[PDB]
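Next comes upload.cif, with mmCIF, C-alpha atoms and all ligand atoms.
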```
data_protein
#
loop_
_atom_site.label_atom_id
_atom_site.label_comp_id
_atom_site.auth_asym_id
_atom_site.auth_seq_id
_atom_site.Cartn_x
_atom_site.Cartn_y
_atom_site.Cartn_z
CA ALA S 1 -78.93 25.60 141.46
CA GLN S 2 -79.78 29.18 140.49
CA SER S 3 -81.79 29.83 137.33
CA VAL S 4 -81.60 33.08 135.33
CA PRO S 5 -85.11 33.78 134.00
CA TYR S 6 -85.30 34.61 130.28
CA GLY S 7 -86.52 38.16 130.84
CA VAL S 8 -83.44 39.11 132.90
CA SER S 9 -81.10 38.11 130.03
CA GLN S 10 -83.39 39.65 127.37
CA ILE S 11 -83.07 43.13 128.90
CA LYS S 12 -79.25 42.67 129.10
CA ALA S 13 -79.06 42.81 132.91
CA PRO S 14 -76.27 40.19 133.38
CA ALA S 15 -73.85 42.43 131.42
CA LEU S 16 -74.07 45.07 134.18
CA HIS S 17 -73.92 42.38 136.92
CA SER S 18 -70.59 41.11 135.53
CA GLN S 19 -69.25 44.69 135.80
CA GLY S 20 -70.32 44.95 139.48
CA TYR S 21 -73.52 46.98 138.82
CA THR S 22 -76.28 45.23 140.77
CA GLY S 23 -78.36 48.06 142.22
CA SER S 24 -76.65 48.32 145.65
CA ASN S 25 -77.91 51.24 147.79
CA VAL S 26 -80.93 51.94 145.50
CA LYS S 27 -84.25 51.86 147.36
CA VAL S 28 -87.04 50.24 145.32
CA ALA S 29 -90.63 50.29 146.56
CA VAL S 30 -92.85 47.43 145.38
CA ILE S 31 -96.36 49.00 145.69
CA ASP S 32 -98.31 45.73 145.73
CA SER S 33 -99.91 42.87 147.76
CA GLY S 34 -96.90 42.77 150.11
CA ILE S 35 -93.72 40.70 149.93
CA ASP S 36 -92.98 37.41 151.68
CA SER S 37 -89.98 38.42 153.81
CA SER S 38 -89.56 34.74 154.76
CA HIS S 39 -88.48 33.74 151.22
CA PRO S 40 -84.87 32.51 151.13
CA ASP S 41 -84.32 34.23 147.78
CA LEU S 42 -85.46 37.71 148.89
CA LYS S 43 -84.09 40.36 151.27
CA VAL S 44 -86.78 42.80 152.44
CA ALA S 45 -85.34 46.04 153.85
CA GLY S 46 -88.56 47.57 155.18
CA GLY S 47 -91.97 48.83 154.16
CA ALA S 48 -95.48 49.52 155.42
CA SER S 49 -99.07 48.31 155.11
CA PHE S 50 -101.95 50.51 153.96
CA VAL S 51 -104.54 47.71 153.94
CA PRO S 52 -106.72 48.12 157.06
CA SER S 53 -107.39 44.39 157.51
CA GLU S 54 -103.85 43.21 156.62
CA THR S 55 -101.45 45.06 158.91
CA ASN S 56 -98.26 43.15 158.13
CA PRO S 57 -96.52 44.21 154.92
CA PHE S 58 -94.26 41.11 155.02
CA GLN S 59 -97.14 38.67 154.64
CA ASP S 60 -98.16 38.10 151.04
CA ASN S 61 -101.61 36.52 151.02
CA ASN S 62 -101.97 37.02 147.26
CA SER S 63 -98.63 35.90 145.68
CA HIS S 64 -98.63 38.96 143.33
CA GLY S 65 -96.26 41.24 145.30
CA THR S 66 -93.74 38.40 146.06
CA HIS S 67 -93.56 37.60 142.30
CA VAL S 68 -93.07 41.31 141.34
CA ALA S 69 -90.34 41.68 144.02
CA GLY S 70 -88.53 38.54 142.75
CA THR S 71 -88.29 40.09 139.26
CA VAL S 72 -86.78 43.30 140.72
CA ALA S 73 -84.46 41.89 143.40
CA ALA S 74 -84.20 38.07 143.67
CA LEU S 75 -80.84 37.39 145.28
CA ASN S 76 -77.70 36.36 143.51
CA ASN S 77 -76.86 33.09 145.28
CA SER S 78 -76.90 29.29 144.65
CA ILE S 79 -80.72 29.10 144.86
CA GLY S 80 -83.90 30.00 143.00
CA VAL S 81 -84.03 32.85 140.52
CA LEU S 82 -82.03 36.01 139.71
CA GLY S 83 -83.50 39.51 139.89
CA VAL S 84 -82.65 42.48 137.63
CA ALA S 85 -81.03 44.47 140.50
CA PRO S 86 -80.18 41.75 143.04
CA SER S 87 -78.46 44.15 145.44
CA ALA S 88 -81.36 46.63 145.59
CA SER S 89 -82.94 47.61 148.92
CA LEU S 90 -86.43 46.12 148.63
CA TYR S 91 -89.42 47.78 150.28
CA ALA S 92 -92.86 46.16 150.65
CA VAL S 93 -95.56 48.87 150.39
CA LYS S 94 -98.77 46.83 150.92
CA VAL S 95 -101.68 48.49 149.21
CA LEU S 96 -103.52 45.38 147.90
CA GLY S 97 -105.28 42.71 149.97
CA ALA S 98 -105.41 38.91 149.60
CA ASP S 99 -107.87 39.14 146.68
CA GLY S 100 -105.42 41.29 144.65
CA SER S 101 -107.64 44.39 144.87
CA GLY S 102 -107.22 47.67 146.74
CA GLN S 103 -108.83 51.04 147.32
CA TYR S 104 -107.49 54.21 145.68
CA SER S 105 -106.94 55.77 149.10
CA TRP S 106 -104.68 52.81 150.01
CA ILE S 107 -102.61 53.06 146.81
CA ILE S 108 -102.27 56.87 147.16
CA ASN S 109 -101.27 56.44 150.85
CA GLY S 110 -98.62 53.96 149.61
CA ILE S 111 -97.23 56.50 147.07
CA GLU S 112 -97.18 59.19 149.78
CA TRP S 113 -95.22 56.82 152.02
CA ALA S 114 -92.70 56.20 149.24
CA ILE S 115 -92.00 59.93 148.73
CA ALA S 116 -91.62 60.55 152.53
CA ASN S 117 -89.36 57.49 152.86
CA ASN S 118 -86.89 58.56 150.14
CA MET S 119 -87.62 55.77 147.68
CA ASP S 120 -85.46 55.97 144.55
CA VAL S 121 -87.79 53.85 142.39
CA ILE S 122 -91.53 53.10 142.73
CA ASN S 123 -92.95 50.02 140.94
CA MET S 124 -96.74 49.92 140.51
CA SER S 125 -97.76 46.55 139.02
CA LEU S 126 -101.37 47.68 139.19
CA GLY S 127 -103.95 49.79 137.36
CA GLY S 128 -107.51 51.01 137.10
CA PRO S 129 -109.75 52.26 134.29
CA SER S 130 -110.23 55.70 135.90
CA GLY S 131 -108.00 58.41 137.33
CA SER S 132 -108.39 60.84 140.21
CA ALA S 133 -106.96 64.31 140.99
CA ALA S 134 -105.35 62.74 144.11
CA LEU S 135 -103.81 59.91 142.04
CA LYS S 136 -102.27 62.38 139.56
CA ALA S 137 -101.05 64.62 142.44
CA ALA S 138 -99.21 61.73 144.21
CA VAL S 139 -97.43 60.48 141.04
CA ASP S 140 -96.52 64.08 140.05
CA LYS S 141 -95.09 64.92 143.48
CA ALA S 142 -93.04 61.67 143.41
CA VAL S 143 -91.51 62.69 140.02
CA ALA S 144 -91.03 66.32 141.17
CA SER S 145 -89.19 64.91 144.23
CA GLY S 146 -86.78 62.93 142.01
CA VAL S 147 -88.37 59.45 142.22
CA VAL S 148 -88.48 57.15 139.16
CA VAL S 149 -92.12 55.99 138.90
CA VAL S 150 -92.75 52.82 136.80
CA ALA S 151 -96.16 51.29 136.10
CA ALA S 152 -97.84 48.41 134.28
CA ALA S 153 -99.68 49.69 131.16
CA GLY S 154 -102.61 47.32 131.71
CA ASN S 155 -103.89 44.00 130.38
CA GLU S 156 -106.69 45.38 128.25
CA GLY S 157 -105.46 44.50 124.75
CA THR S 158 -106.81 46.32 121.70
CA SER S 159 -110.02 48.37 121.58
CA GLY S 160 -110.68 49.87 118.13
CA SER S 161 -108.51 53.00 117.96
CA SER S 162 -108.63 53.98 121.67
CA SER S 163 -105.95 53.91 124.36
CA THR S 164 -106.45 50.96 126.74
CA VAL S 165 -103.60 52.15 129.05
CA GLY S 166 -104.74 52.21 132.66
CA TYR S 167 -104.02 54.55 135.55
CA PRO S 168 -101.53 55.46 136.89
CA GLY S 169 -99.74 54.34 133.71
CA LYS S 170 -101.64 56.87 131.58
CA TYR S 171 -100.09 59.90 133.33
CA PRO S 172 -97.19 61.62 131.55
CA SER S 173 -94.90 61.56 134.64
CA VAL S 174 -95.13 57.74 134.94
CA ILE S 175 -93.26 55.19 132.78
CA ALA S 176 -95.98 52.95 131.30
CA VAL S 177 -94.69 49.43 130.53
CA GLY S 178 -96.15 46.96 128.03
CA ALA S 179 -95.50 43.24 127.59
CA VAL S 180 -93.44 41.33 125.04
CA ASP S 181 -92.73 37.54 124.92
CA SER S 182 -89.26 35.97 124.41
CA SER S 183 -89.50 36.49 120.61
CA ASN S 184 -89.99 40.30 121.00
CA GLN S 185 -93.66 40.04 120.01
CA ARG S 186 -96.26 42.12 121.84
CA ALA S 187 -98.47 40.01 124.11
CA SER S 188 -102.13 40.01 122.99
CA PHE S 189 -103.23 41.28 126.42
CA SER S 190 -100.76 44.19 126.44
CA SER S 191 -102.47 47.56 126.75
CA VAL S 192 -102.08 49.90 123.80
CA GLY S 193 -101.98 53.68 123.31
CA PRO S 194 -100.00 56.88 122.89
CA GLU S 195 -99.15 56.80 126.63
CA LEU S 196 -97.19 53.50 126.19
CA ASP S 197 -93.52 54.14 126.91
CA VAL S 198 -91.49 50.94 126.89
CA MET S 199 -91.68 47.17 126.50
CA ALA S 200 -90.26 44.43 128.77
CA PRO S 201 -90.74 40.67 129.14
CA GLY S 202 -94.18 39.84 130.56
CA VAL S 203 -95.10 36.34 129.31
CA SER S 204 -94.46 33.28 131.55
CA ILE S 205 -92.19 35.20 133.92
CA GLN S 206 -90.48 32.89 136.42
CA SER S 207 -90.14 34.47 139.87
CA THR S 208 -90.52 33.99 143.63
CA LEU S 209 -93.80 32.92 145.25
CA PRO S 210 -94.65 32.87 149.00
CA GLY S 211 -93.75 29.79 151.02
CA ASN S 212 -90.31 29.13 149.47
CA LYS S 213 -91.84 28.57 146.01
CA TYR S 214 -91.13 29.56 142.40
CA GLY S 215 -93.58 29.95 139.52
CA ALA S 216 -94.51 31.81 136.38
CA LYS S 217 -97.01 34.62 135.84
CA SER S 218 -97.99 36.64 132.75
CA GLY S 219 -98.95 40.29 132.45
CA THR S 220 -97.77 43.85 132.07
CA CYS S 221 -97.51 43.51 135.91
CA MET S 222 -94.55 41.18 135.11
CA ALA S 223 -92.98 43.60 132.58
CA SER S 224 -92.99 46.62 134.98
CA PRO S 225 -90.51 45.23 137.57
CA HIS S 226 -88.02 44.63 134.73
CA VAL S 227 -88.03 48.41 134.08
CA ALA S 228 -87.97 49.26 137.84
CA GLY S 229 -85.05 46.81 138.14
CA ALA S 230 -83.34 48.44 135.12
CA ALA S 231 -83.77 51.92 136.70
CA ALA S 232 -82.02 50.58 139.85
CA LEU S 233 -79.15 49.28 137.72
CA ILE S 234 -78.64 52.70 136.07
CA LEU S 235 -78.71 54.48 139.47
CA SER S 236 -76.03 52.17 140.88
CA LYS S 237 -73.78 53.23 137.97
CA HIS S 238 -74.83 56.91 137.77
CA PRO S 239 -75.89 57.87 141.32
CA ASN S 240 -75.90 61.55 140.31
CA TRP S 241 -78.41 61.11 137.43
CA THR S 242 -81.85 62.68 137.78
CA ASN S 243 -85.08 60.62 137.35
CA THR S 244 -85.39 62.56 134.03
CA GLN S 245 -81.94 61.34 132.87
CA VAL S 246 -82.72 57.72 133.89
CA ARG S 247 -86.03 57.90 131.94
CA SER S 248 -84.50 59.48 128.78
CA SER S 249 -81.71 56.88 128.70
CA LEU S 250 -84.14 53.93 129.01
CA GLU S 251 -86.42 55.29 126.25
CA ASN S 252 -83.57 56.53 124.03
CA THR S 253 -81.65 53.23 123.93
CA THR S 254 -84.47 50.74 123.23
CA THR S 255 -84.49 48.01 120.56
CA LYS S 256 -87.12 49.49 118.26
CA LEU S 257 -90.00 47.11 117.54
CA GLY S 258 -93.22 48.06 115.71
CA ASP S 259 -95.46 51.11 116.01
CA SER S 260 -95.28 53.18 119.19
CA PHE S 261 -99.04 52.81 119.85
CA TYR S 262 -98.41 49.08 120.46
CA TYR S 263 -94.74 48.88 121.47
CA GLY S 264 -94.00 52.47 122.60
CA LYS S 265 -90.26 53.19 122.22
CA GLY S 266 -89.60 49.43 122.09
CA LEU S 267 -87.70 46.95 124.25
CA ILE S 268 -85.50 48.26 127.04
CA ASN S 269 -81.77 47.56 126.87
CA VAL S 270 -80.15 48.33 130.26
CA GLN S 271 -76.64 47.78 128.84
CA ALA S 272 -77.15 50.52 126.22
CA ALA S 273 -79.08 52.65 128.75
CA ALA S 274 -76.31 52.48 131.41
CA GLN S 275 -73.68 54.06 129.07
CA CA T 1 -81.25 33.40 143.78
CA CA T 2 -96.39 57.69 129.04
K K T 3 -97.18 57.44 131.09
#
```
Let me see the structure of the file written as structure tokens.
Amino acid sequence: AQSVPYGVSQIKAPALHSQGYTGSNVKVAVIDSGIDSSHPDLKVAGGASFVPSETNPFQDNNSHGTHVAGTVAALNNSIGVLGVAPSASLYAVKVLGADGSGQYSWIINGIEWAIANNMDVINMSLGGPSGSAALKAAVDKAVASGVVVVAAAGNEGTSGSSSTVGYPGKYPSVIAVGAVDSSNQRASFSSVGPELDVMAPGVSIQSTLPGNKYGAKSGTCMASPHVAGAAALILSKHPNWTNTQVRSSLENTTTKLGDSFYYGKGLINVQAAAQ
């Protein structure tokens, strides 16, 4: 039996699926710990490794990248879970090692790969406390080249009156995604600030794990792929739409929650966003 994870339904993804909008022919790059290409519920189209000691992008030694990819594109079948954009062309851009960490050089090389490889959507379920001129340049070029760039806002919670939004999420060109639970409440870990764009489900997210497994994870890292998945859904309907048009539609059609410093524009609604 297939299970539809809460977060899929919450964002109104099945409404587009019923209409035949499933993200077919949209290339989504999961810039992460790799993807387990061996998982029965995933179809990996390609990718590349930027981790010097872990040369195979289709070996997830972490679990992180397989779980992110399952949220985006877990196949519509009789098994496992259901992704947001189940027909999307999934790319494993391995930038993180087995420990879940990576060098800036590795991540930036991964972004650079994604631009050269004509990726429609980048998902970056990662962040750091500090930026770089090279990090900003790679995200900026990706947006200038027509790529939809989506990132996790961070898991830093509240800190006085300051923004706790990490990089690359902090950059204007990037969609920064915060976490809500099933009730539409902001998760206590969810990074806050003026740079917060949108909210998506990020608490106890059921997805694919390596070795034909399924399990839940929590974080803004879980919320991000819901937005990257939603961007793929829009593009399958409106193939002609710019990255700018995709972004404005996602932010302009949200279910409004609390204050923008905590919730940004609110919860994404792909059904309203797809027009
Ligand atoms: Ca499935
Ligand atoms: Ca922003
Ligand atoms: K941003």
Exercise. Around the point (-93.6, 44.7, 150.1), in the coordinates given by the file, pick out the residues reaching within 7 Å, counting all atoms listed in the file, and return them as a PyMOL selection string.
Key: chain S and resi 30-35+47+57-58+65+91-94
Restricting it to C-alpha atoms, dump the selection as an mmCIF file, in the coordinates of the input.
```cif
data_model
loop_
_atom_site.group_PDB
_atom_site.id
_atom_site.type_symbol
_atom_site.label_atom_id
_atom_site.label_comp_id
_atom_site.auth_asym_id
_atom_site.auth_seq_id
_atom_site.Cartn_x
_atom_site.Cartn_y
_atom_site.Cartn_z
ATOM 1 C CA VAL S 30 -92.850 47.430 145.380
ATOM 2 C CA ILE S 31 -96.360 49.000 145.690
ATOM 3 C CA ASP S 32 -98.310 45.730 145.730
ATOM 4 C CA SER S 33 -99.910 42.870 147.760
ATOM 5 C CA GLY S 34 -96.900 42.770 150.110
ATOM 6 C CA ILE S 35 -93.720 40.700 149.930
ATOM 7 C CA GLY S 47 -91.970 48.830 154.160
ATOM 8 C CA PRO S 57 -96.520 44.210 154.920
ATOM 9 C CA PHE S 58 -94.260 41.110 155.020
ATOM 10 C CA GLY S 65 -96.260 41.240 145.300
ATOM 11 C CA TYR S 91 -89.420 47.780 150.280
ATOM 12 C CA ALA S 92 -92.860 46.160 150.650
ATOM 13 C CA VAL S 93 -95.560 48.870 150.390
ATOM 14 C CA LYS S 94 -98.770 46.830 150.920
#
```
Self-check item: Exercise answer, 10 Å around ligand CA 1 (chain T) with all atoms listed in the file, as a ChimeraX atom specification
Solution: /S:1-4,40-42,70,73-83,86,207-208
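CA of residue 149 in chain S is found 8.6 Å from CA of residue 243 in chain S.
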Quiz item: Suppose you want the space between CA of residue 229 in chain S and CA of residue 104 in chain S; what is it in Å?
Solution: 24.8 Å
Exercise. Enumerate residues in contact with ligand CA 2 (chain T): an atom-to-atom distance of at most 10 Å, counting all atoms listed in the file. Format the result as a ChimeraX atom specification.
Key: /S:150-151,153,165,168-177,193-198,264
Exercise. Give me, please, the distance in Å between CA of residue 250 in chain S and CA of residue 268 in chain S, quoted to one decimal.
Key: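 Rounded to one decimal, the two atoms are 6.2 Å apart.
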Quiz prompt | S:232, S:48, S:257, S:200 ranked by distance to residue 21 in chain S, top pick (using only C-alpha atoms) | solution =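 For residue 21 in chain S, the nearest of the candidates is S:232.
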Exercise. Could you give me, as number ranges by chain, the residues that have an atom at most 8 Å away from the point (-105.6, 55.9, 150.2) in the coordinates of the file, using all atoms listed in the file?
Key: S: 50, 103-110
Practice problem: Name the residues in contact with residue 36 in chain S at a cut-off of 6 Å, using only C-alpha atoms, excluding same-chain residues fewer than 2 positions from it; report them as a PyMOL selection string. | Solution: chain S and resi 38-39+58-60+66+210
Quiz prompt | Nearest residue to ligand K 3 (chain T) from the set S:88, S:11, S:26, S:139 (distances using only C-alpha atoms and all ligand atoms) | solution =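 Among S:88, S:11, S:26, S:139, it is S:139 that comes nearest to ligand K 3 (chain T).
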Quiz prompt | Nearby residues (all atoms listed in the file) at most 9 Å from residue 157 in chain S, same-chain spacing under 4 positions excluded, as a list in words | solution = residues 164, 165, 187, 188, 189, 190, 191 and 192 of chain S
Self-check item: S:258, S:127, S:146, S:215 ranked by distance to ligand K 3 (chain T), top pick (using only C-alpha atoms and all ligand atoms)
Solution: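 Between S:258, S:127, S:146, S:215, the residue approaching ligand K 3 (chain T) most closely is S:127.
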Quiz item: Given the choices S:263, S:241, S:6, S:167, which gets closest to residue 130 in chain S if the distance is worked out from all atoms listed in the file?
Solution: S:167
Quiz prompt | Option closest in space to ligand K 3 (chain T), from S:114, S:121, S:29, S:148 [counting only C-alpha atoms and all ligand atoms] | solution =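 Of S:114, S:121, S:29, S:148, the one nearest ligand K 3 (chain T), counting only C-alpha atoms and all ligand atoms, is S:148.
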Quiz item: Of the residues S:204, S:71, S:19, S:163, which is the one nearest to ligand K 3 (chain T), using all atoms listed in the file?
Solution: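 With all atoms listed in the file as the atom set, the closest residue is S:163.
When the distance limit is 9 Å and all atoms listed in the file are what count, the residues near residue 201 in chain S, minus those fewer than 4 positions from it on the same chain, are residues 6, 7, 8, 10, 11, 178, 179, 180, 181, 182, 184, 205, 219, 220, 222, 223, 224, 226 and 267 of chain S.
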